[PDB]
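Structure, as structure tokens:
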Amino acid sequence: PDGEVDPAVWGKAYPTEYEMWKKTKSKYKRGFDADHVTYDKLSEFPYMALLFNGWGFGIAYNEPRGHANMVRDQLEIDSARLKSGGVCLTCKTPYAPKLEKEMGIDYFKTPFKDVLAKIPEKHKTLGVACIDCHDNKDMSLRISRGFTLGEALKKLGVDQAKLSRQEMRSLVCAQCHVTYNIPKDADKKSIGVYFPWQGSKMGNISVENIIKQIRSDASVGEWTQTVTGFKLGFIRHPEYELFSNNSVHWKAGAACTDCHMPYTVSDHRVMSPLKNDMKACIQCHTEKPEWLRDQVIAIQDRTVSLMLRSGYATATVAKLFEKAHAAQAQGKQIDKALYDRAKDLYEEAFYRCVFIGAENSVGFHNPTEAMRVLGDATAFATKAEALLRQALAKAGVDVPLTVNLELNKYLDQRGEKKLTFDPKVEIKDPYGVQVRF
Ligand code: HEC
Ligand code: HEC
Ligand code: HEC
Ligand code: HEC
Ligand code: HEC
């Protein structure tokens with residue numbers, strides 16, 4: 001029936017897909033969760049402690065991460081900390097399109113606890129249901145997220161009515177597996193949510209266009225980065241954007257579902273494409289599953305390598321802004337022209353580190369683009385470092401060859417008890433990166 005949210009009702013017509021839907025050390029890598037940066041990820045990517053201080057750090061919640069059930073306990077805490085209101089429910093309850101239509105601006109301004117109170121108790125933890133992807137009348141794919149994806153498709157110049165079944169096989173995932181921004185009012189309350197797809201087209205939602213959008217919208221300054229004092233925006237899991245940007249598998253005609261919901265019927269388990277002896281891959285690939293596993297590992301190791309290069313280069317710039325501010329506080333003049341150019345280049349580097357870092361395929365969704373973006377992040381950061389090293393030297397402050405990041409000073413009081421960055425550790429990259437923890 002129309003308006004039936006209960007997956008158990010849909011499960012009486014389609015028991016197989018209902019059965020898979022409710023179902024939920026590794027040699028593969030993962031990036032960071034943009035909305036839940038953990039102490040574990042800071043330990044893995046040490047530059048993140050300095051770059052993300054001011055965004056919020058938390059404990060790794062090692063619980064099942066499937067669509068069917070989503071507990072609200074940690075989402076309540078995070079929401080109330082950020083004053084995000086109902087925003088964090090947008091991609092995590094089939095009631096989100098209904099709540100936003102009925103509450104309007106109040107869905108974003110009303111505290112999380114009061115928005116969650118409106119959802120029936122029997123479905124408080126229902127995450128992503130059949131109604132979010134399927135039309136109940138004919139089981140064809142649909143866009144339940146009109147207020148987010150529907151609006152973002154208009155920005156791309158896409159006629160939603162002319163979308164093919166193949167396009168919907170990725171766009172149904174693009175309802176949530178994309179980057180978003182939260183516009184805020186003067187009282188730091190959330191006043192909306194949008195995908196920064198202005199200026200982009202289908203098959204080309206580039207980091208250049210996303211960054212240009214973020215930097216042009218003063219309302220999406222969601223936090224203050226502590227090391228620099230700069231008000232910045234943020235990027236979260238840009239999976240559809242990275243994948244669809246002319247990637248190898250996008251050009252090959254693969255959709256998200258070819259790897260994540262492969263046929264046998266379409267697998268409704270959100271299981272890893274690397275499991276079951278690479279069965280999702282073997283549908284196109286003639287190579288041994290071990291060869292395919294080794295290729296994913298080589299892509300992920302290459303991406304991690306570039307994440308550390310670009311991340312340590314970006315952290316070096318942020319640390320030099322901190323030295324430049326401390327010099328200004330002492331009455332030393334820092335050359336305005338050098339400083340402004342360095343800040344402009346620094347933001348270009350920072351958003352690129354977050355863009356690839358927050359995408360959890362660790363380069364696999366678009367290996368060539370992951371390389372281009374992280375290579376550009378290093379070029380932007382190294383040029384900002386050039387101008388800040390010069391500005392500091394002009395002001396009488398000599399920056400050594402190895403920059404002391406003092407990573408421990410960016411650990412919250414809770415994090416100091418869980419993690420320590422050895423001050424004697426020195427990163428000396430073959431390309432020029434030279435930092436000490
Ligand atoms: C919003 C309503 C979503 C739609 C539509 C799709 N996904 Fe999703 N997915 C969403 C969330 C909020 C989460 C996290 C759940 C949690 O436990 O907090 C997920 C998770 C996945 C995963 C697992 C990732 C992980 O952290 O291990 C995968 C592999 C995944 N989703 C794939 C996926 C695909 C292929 C989709 C389209 C058919 C799709 N999702 C749609 C939210 C939403
Ligand atoms: C849609 C555009 C989303 C909004 C708005 C928010 N989240 Fe999210 N989240 C989304 C997806 C598709 C995924 C899984 C994919 C991936 O690569 O991780 C997630 C994941 C999380 C997680 C990690 C899973 C877990 O440990 O349970 C957390 C903790 C989480 N999301 C929190 C969170 C908060 C606090 C938000 C509000 C600011 C928020 N998310 C918004 C998609 C979307
Ligand atoms: C989005 C993230 C989905 C959720 C949640 C559910 N389903 Fe699904 N389903 C999805 C896709 C992308 C596809 C492939 C469509 C295509 O173009 O072939 C499917 C397919 C089905 C089908 C028909 C084909 C098949 O595999 O048998 C049925 C009958 C079906 N799905 C049922 C179903 C039910 C009952 C769900 C909730 C409990 C459910 N789906 C959730 C994407 C998504
Ligand atoms: C095959 C060629 C793929 C296509 C097309 C897409 N994805 Fe993928 N993804 C793939 C692999 C091999 C991996 C590596 C890690 C693994 O979980 O096995 C991933 C990873 C993800 C994740 C992260 C999972 C986690 O545990 O956090 C998500 C959420 C995800 N992929 C989503 C996703 C979406 C929405 C896609 C379309 C835009 C998409 N993937 C395409 C393989 C392939
Ligand atoms: C078909 C629909 C595919 C699925 C599903 C998967 N892959 Fe794929 N892949 C596909 C094509 C057409 C190509 C282009 C190869 C060519 O002839 O140029 C690829 C390529 C890759 C590569 C790169 C190989 C290289 O020469 O460097 C890798 C490493 C790869 N694919 C891995 C892979 C994995 C692990 C998959 C499952 C999760 C997977 N692919 C699925 C088509 C399709």
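To be explicit about the labels: the chains of the structure tokens are called A, B, and onward in the order shown, and within each one the residues are counted from 1, while ligands get numbers from 1 in the order they are shown.
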
Considering only C-alpha atoms and all ligand atoms, tabulate each residue of chain A that lies at most 7 Å from ligand 1 along with its nearest interatomic pair and the corresponding distance in Å to one decimal; arrange the rows by chain and ascending residue number and present them as a Markdown table.
```
| residue | atom | partner | partner_atom_place_in_ligand_line | distance |
| --- | --- | --- | --- | --- |
| A:64 | CA | ligand 1 | 17 (O) | 6.0 |
| A:65 | CA | ligand 1 | 17 (O) | 2.9 |
| A:66 | CA | ligand 1 | 17 (O) | 4.6 |
| A:67 | CA | ligand 1 | 15 (C) | 5.3 |
| A:70 | CA | ligand 1 | 17 (O) | 5.8 |
| A:91 | CA | ligand 1 | 1 (C) | 4.3 |
| A:92 | CA | ligand 1 | 12 (C) | 5.0 |
| A:93 | CA | ligand 1 | 2 (C) | 6.8 |
| A:94 | CA | ligand 1 | 2 (C) | 6.8 |
| A:128 | CA | ligand 1 | 2 (C) | 5.0 |
| A:132 | CA | ligand 1 | 5 (C) | 5.9 |
| A:133 | CA | ligand 1 | 5 (C) | 6.0 |
| A:169 | CA | ligand 1 | 38 (C) | 6.5 |
| A:170 | CA | ligand 1 | 37 (C) | 6.3 |
| A:172 | CA | ligand 1 | 37 (C) | 5.4 |
| A:173 | CA | ligand 1 | 37 (C) | 3.4 |
| A:174 | CA | ligand 1 | 5 (C) | 6.9 |
| A:175 | CA | ligand 1 | 5 (C) | 5.1 |
| A:176 | CA | ligand 1 | 1 (C) | 4.4 |
| A:177 | CA | ligand 1 | 7 (N) | 6.1 |
| A:256 | CA | ligand 1 | 35 (C) | 4.9 |
| A:257 | CA | ligand 1 | 35 (C) | 5.4 |
| A:260 | CA | ligand 1 | 35 (C) | 4.9 |
| A:261 | CA | ligand 1 | 35 (C) | 6.5 |
| A:270 | CA | ligand 1 | 29 (C) | 4.9 |
| A:271 | CA | ligand 1 | 29 (C) | 6.3 |
| A:272 | CA | ligand 1 | 29 (C) | 6.4 |
```

Distance filter 7 Å around ligand 5, atoms: only C-alpha atoms and all ligand atoms, out as a CSV table (one decimal) with C-alpha atoms, in the first residue's frame:
```csv
chain,number,residue,atom,x,y,z
A,248,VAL,CA,37.4,3.4,-15.1
A,249,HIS,CA,34.3,1.5,-13.9
A,252,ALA,CA,32.9,0.6,-18.4
A,253,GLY,CA,29.2,1.1,-17.7
A,254,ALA,CA,29.2,-0.2,-14.1
A,258,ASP,CA,27.1,-4.0,-10.1
A,259,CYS,CA,29.7,-4.2,-7.2
A,273,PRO,CA,32.5,-6.5,-3.0
A,274,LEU,CA,35.8,-8.1,-2.0
A,278,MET,CA,35.4,-11.7,-5.5
A,280,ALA,CA,30.9,-9.4,-8.0
A,281,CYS,CA,34.1,-8.8,-10.0
A,283,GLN,CA,31.0,-11.2,-13.5
A,284,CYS,CA,33.2,-9.0,-15.8
A,285,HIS,CA,36.8,-10.0,-14.9
A,292,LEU,CA,42.1,-8.6,-8.4
A,293,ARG,CA,42.6,-8.5,-4.5
A,295,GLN,CA,45.2,-4.7,-7.5
A,296,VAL,CA,42.8,-3.2,-4.9
```

I need the residues of stretch 171-348 of chain A that end up classed as helix (DSSP H, G or I) by DSSP on the backbone, written out as a PyMOL selection string.
chain A and resi 171+207-216+218-220+239-244+248-251+256-260+279-282+289-329+336-348

Test item: residues at most 12 Å from residue A:319, only C-alpha atoms, excluding those fewer than 2 positions along its chain, as a PyMOL selection string
chain A and resi 47+49-51+225-229+312-317+321-326+346+381+384-385+388-389+392+399+402-407+409-410+435-437

Would you write out those residues with C-alpha atoms, as a CSV table (one decimal), in the first residue's frame?
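This went into result.csv:
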```
chain,number,residue,atom,x,y,z
A,47,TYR,CA,48.3,15.0,10.3
A,49,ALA,CA,44.9,15.6,14.7
A,50,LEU,CA,46.3,19.0,13.7
A,51,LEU,CA,44.1,19.6,10.6
A,225,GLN,CA,39.9,25.0,12.6
A,226,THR,CA,41.8,25.5,15.8
A,227,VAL,CA,45.4,25.5,14.5
A,228,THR,CA,44.7,28.4,12.0
A,229,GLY,CA,41.6,30.1,13.5
A,312,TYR,CA,51.7,16.3,6.1
A,313,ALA,CA,52.3,19.0,3.5
A,314,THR,CA,48.9,20.7,4.4
A,315,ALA,CA,49.6,20.3,8.1
A,316,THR,CA,53.0,22.0,7.6
A,317,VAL,CA,51.2,25.1,6.1
A,321,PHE,CA,49.9,30.0,9.9
A,322,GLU,CA,49.9,29.3,13.7
A,323,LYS,CA,53.6,30.6,13.8
A,324,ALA,CA,52.6,33.6,11.7
A,325,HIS,CA,49.7,34.4,14.1
A,326,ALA,CA,51.9,34.1,17.1
A,346,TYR,CA,46.0,26.5,1.7
A,381,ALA,CA,50.3,23.1,0.0
A,384,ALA,CA,51.6,28.1,0.4
A,385,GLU,CA,54.5,26.7,2.5
A,388,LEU,CA,54.7,31.5,4.6
A,389,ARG,CA,58.4,30.4,5.1
A,392,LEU,CA,58.2,34.3,8.5
A,399,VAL,CA,61.5,27.9,10.1
A,402,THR,CA,61.9,19.8,9.7
A,403,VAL,CA,58.7,21.4,11.0
A,404,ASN,CA,57.7,20.4,14.5
A,405,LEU,CA,54.0,19.8,14.3
A,406,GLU,CA,53.5,19.3,18.1
A,407,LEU,CA,50.6,16.9,17.3
A,409,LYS,CA,48.9,19.7,21.6
A,410,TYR,CA,45.9,19.1,19.3
A,435,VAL,CA,58.0,17.0,9.7
A,436,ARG,CA,58.3,15.9,13.3
A,437,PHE,CA,55.4,14.9,15.5
```

Name the residues in contact with residue A:208 at a cut-off of 9 Å, using only C-alpha atoms, excluding same-chain residues fewer than 3 positions from it; report them as a VMD selection string.
chain A and resid 205 211 to 213 348 352

Restrict the calculation to only C-alpha atoms and all ligand atoms, then for each residue of chain A with any atom at most 8 Å from an atom of ligand 3 give the closest atom pair and their distance in Å to one decimal, rows by chain and rising residue number, as a tab-separated table.
```
residue	atom	partner	partner_atom_place_in_ligand_line	distance
A:7	CA	ligand 3	38 (C)	4.6
A:8	CA	ligand 3	38 (C)	6.9
A:10	CA	ligand 3	35 (C)	4.8
A:11	CA	ligand 3	35 (C)	5.0
A:13	CA	ligand 3	35 (C)	7.1
A:14	CA	ligand 3	35 (C)	4.8
A:15	CA	ligand 3	35 (C)	6.7
A:16	CA	ligand 3	35 (C)	7.6
A:17	CA	ligand 3	34 (C)	5.1
A:18	CA	ligand 3	38 (C)	4.1
A:19	CA	ligand 3	38 (C)	7.6
A:21	CA	ligand 3	38 (C)	5.6
A:22	CA	ligand 3	38 (C)	7.4
A:67	CA	ligand 3	5 (C)	7.0
A:68	CA	ligand 3	5 (C)	7.8
A:128	CA	ligand 3	5 (C)	5.2
A:129	CA	ligand 3	5 (C)	4.5
A:130	CA	ligand 3	37 (C)	3.5
A:131	CA	ligand 3	5 (C)	7.0
A:132	CA	ligand 3	5 (C)	5.8
A:133	CA	ligand 3	1 (C)	4.3
A:134	CA	ligand 3	7 (N)	6.4
A:139	CA	ligand 3	28 (C)	6.2
A:140	CA	ligand 3	15 (C)	7.0
A:141	CA	ligand 3	15 (C)	6.4
A:165	CA	ligand 3	17 (O)	5.7
A:166	CA	ligand 3	17 (O)	6.8
A:168	CA	ligand 3	17 (O)	7.4
A:169	CA	ligand 3	12 (C)	5.1
A:170	CA	ligand 3	12 (C)	7.6
A:172	CA	ligand 3	1 (C)	6.2
A:173	CA	ligand 3	2 (C)	5.8
A:257	CA	ligand 3	12 (C)	5.9
A:261	CA	ligand 3	12 (C)	7.1
A:263	CA	ligand 3	26 (O)	7.2
A:265	CA	ligand 3	26 (O)	3.9
A:266	CA	ligand 3	26 (O)	3.6
A:267	CA	ligand 3	26 (O)	6.5
A:268	CA	ligand 3	7 (N)	6.4
```

Ligand 2: which residues are within 9 Å, counting only C-alpha atoms and all ligand atoms, as a PyMOL selection string?
chain A and resi 30-37+60-66+70-71+74-79+82-92+148-149+173-182+193-195+236-239+358-361

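Using only C-alpha atoms, the protein and nucleic acid residues lying no more than 7 Å from residue A:183, apart from those fewer than 3 places from it along its own chain, are residues 190, 191, 192, 193, 219 and 220 of chain A.
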